[PDB]
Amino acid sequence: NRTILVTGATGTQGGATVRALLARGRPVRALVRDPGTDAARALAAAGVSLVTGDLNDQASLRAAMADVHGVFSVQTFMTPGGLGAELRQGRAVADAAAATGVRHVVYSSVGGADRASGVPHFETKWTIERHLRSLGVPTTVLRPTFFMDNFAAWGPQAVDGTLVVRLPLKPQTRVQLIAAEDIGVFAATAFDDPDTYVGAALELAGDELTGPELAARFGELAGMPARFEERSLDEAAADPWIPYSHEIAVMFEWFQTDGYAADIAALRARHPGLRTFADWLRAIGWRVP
């Protein structure tokens, strides 16, 4: 059986992984909590098999993994269960894979998880990585950087005729970015080349830009003036419109002090289709609100 079980299939990383897997010729089974949603029906229409389960329900995970070759493992921490739930879920996926004879887990972590960042939602992922390693289940770890896709909901607004990117970054802070579509590409590639990818951990980025450079990219596409403005970390941390704003502010402070460290040139050699930020803007057809 060549089937891959994709967790988080209706989400950003999982959805990208579904598309890459289908294109590469793998059967895809999607873990969904509710098979009756628009998103789940859309997956089925694309040729995905649905299985009902929940990352909090270990028995349901074992059932979801019946006869599959591989599992794509991704979790979110932005739920009522928070970071503790993310951690337990990641370890549950690993345990269920071990118990059901899964041959290959591709786990999505985060760039810098291995670098003692102290970012709470990076440390959860590191702890999950360590658990997978301890079980001996053949594993590839992907460590994605800043999702370009974040800018769909959190892109710049027009202020007095100028697009403003306002984020808790110094103007000089360089940030590595990855298109979610490329996370999917690497996940699919890993399953089809285990000789290269089993036992590997790979930090993923397709571009590296400062805030002013990000603003320039939007301005060039929009035909509008654009600028970057630094937001204070304390202000970002307190924002009632940003879920888990304190953890996110810790993360942005780490971008400022440390940051991601993917080798973009080496990734492009492996994957010539690796997307730049300009590519992301073109692919989504970004427009000013």
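Counting begins at 1, following the sequence as shown.
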item: Of 153-161 and 123-131, the stretch whose C-alpha atoms average the higher B-factor in the entry; value: 153-161
item: Residue range whose averaged C-alpha B-factor is higher in the record, 113-121 or 214-222; value: 214-222
item: Among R29, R227, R41, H246 - the residue whose C-alpha B-factor is largest in the record; value: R41
item: Candidate residues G184, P168, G84, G199, the one whose C-alpha B factor the record puts highest; value: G199
item: Third assignment of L5 from its chain's C-alpha B-factors; value: middle
item: Chain third (lowest, middle, highest) by recorded CA B-factor, residue given as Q58; value: middle
item: Within-chain third of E235 by Cα B-factor, per the entry; value: middle
item: Entry-reported Cα temperature factor of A98, expressed as the chain third it lands in; value: highest
item: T140 CA temperature factor, ranked by third within the chain; value: middle
